[PDB]
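What follows is a single chain, given as structure tokens, in the form deposited in one PDB entry.
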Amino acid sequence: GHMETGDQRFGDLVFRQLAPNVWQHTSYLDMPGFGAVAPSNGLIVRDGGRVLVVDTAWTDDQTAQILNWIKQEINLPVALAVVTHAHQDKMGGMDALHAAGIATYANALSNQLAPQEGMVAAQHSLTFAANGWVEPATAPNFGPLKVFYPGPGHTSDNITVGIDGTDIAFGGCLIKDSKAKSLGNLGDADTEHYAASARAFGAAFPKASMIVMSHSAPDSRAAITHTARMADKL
């Protein structure tokens, strides 16, 4: 009963505590004269005496505001950040993380695609085994973060993250909730492999009951089945 319930506003950002040491951060794409659209979610994880971040906000200014909220609410240094693909909603704030002295990690393919996508690359590159699990030497001192590359889906480089010791797995933009009308921005998608990649994510974190994703609120495992079924139609 100690966790604050529901959405907490911090300027134009929204924070929601999901577990004793896990929060979801939400930022919107701001368009002058038209307002805010396309909310995007990331994660904040408290791991003992440090904080780990999953994904930036849409911009450097909003990412600096996530860091300000962390300082105010948690007051522990941010040791590292993992970004889940080279799109503006996940990597838009890389400069703000680097200005704060935060070590950044992304799939090697995300770093290679980043300049073509108009993104700043993460400082370090994650590589993966043929079964999709991160090569441990490329993800040093990741604490409870279990990084998995499910195969091409939302993009060819999308990665996912399970939080050890919790019921949470983060599907990023690969997964949409059980009520979603579409899979969202499909311009860079792999329509042939998407369904198998969504199913591979489910199988990599078989015990996770809370599925967190970029463009829907947290849901049950039905979000995985629903996404794979919508991807089967591509």
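Residues that one form lacks are left out of the comparison. In this text, rigid core is short for the largest set of C-alphas that superpose within 1.5 Å between two forms. Throughout, we count residues from 1 along the sequence that is shown.
- Averaged over CA atoms, B-factors in the entry run higher in 136 to 144 than in the other of 136 to 144 and 120 to 128.
- In this entry, 28 to 36 has the higher mean Cα B-factor, the comparison being between 28 to 36 and 189 to 197.
- Sorting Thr155, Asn111, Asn75, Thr84 by the CA temperature factor given in the entry leaves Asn75 at the top.
- When all modelled residues of the chain are sorted by CA temperature factor, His98 is found within the middle third.
- For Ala222, the recorded CA B-factor ranks within the highest third of the chain. Only modelled residues enter the ranking.
- Annotation for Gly42: C-alpha temperature factor in the lowest third relative to the rest of the modelled chain, per the entry.
- Placement of the Cα temperature factor of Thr56 within the chain: lowest third of the modelled residues, per the deposited record.
- Annotation for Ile175: C-alpha temperature factor in the lowest third relative to the rest of the modelled chain, per the entry.
One more form of this protein should be noted, the form solved in complex with a small molecule, which is absent from this view; the next part is about it.
- Contact annotation for the candidate site: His85, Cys173 and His215 all lie close to the small molecule in the bound PDB entry (heavy atom within 4.5 Å).
- Across the options 198 to 206, 162 to 170, 29 to 37, 45 to 53, residues that bring heavy atoms within 4.5 Å of the small molecule in the bound PDB entry belong to 29 to 37.
- At the 4.5 Å threshold, heavy atoms of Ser178 stay clear of the small molecule in the bound PDB entry, well away from it.
- Interface membership of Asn185, defined by any non-hydrogen atom within 4.5 Å of the small molecule in the bound PDB entry, is confirmed.
- For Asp30, the Cα coordinates differ by 2 angstroms or more between this form and the one not shown after the core has been superposed.
- Shown here is a form in which the CA atoms of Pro32 and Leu67 lie at least 3 Å closer together than they do in the bound PDB entry.
- Put simply, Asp12 and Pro32 spread apart in the bound PDB entry: their C-alpha atoms are 3 Å or more farther than in the form shown.
- The rigid-core fit between this form and the one not shown yields exactly one 3+ residue run with every Cα displaced by 2 Å or more: 30 to 38.
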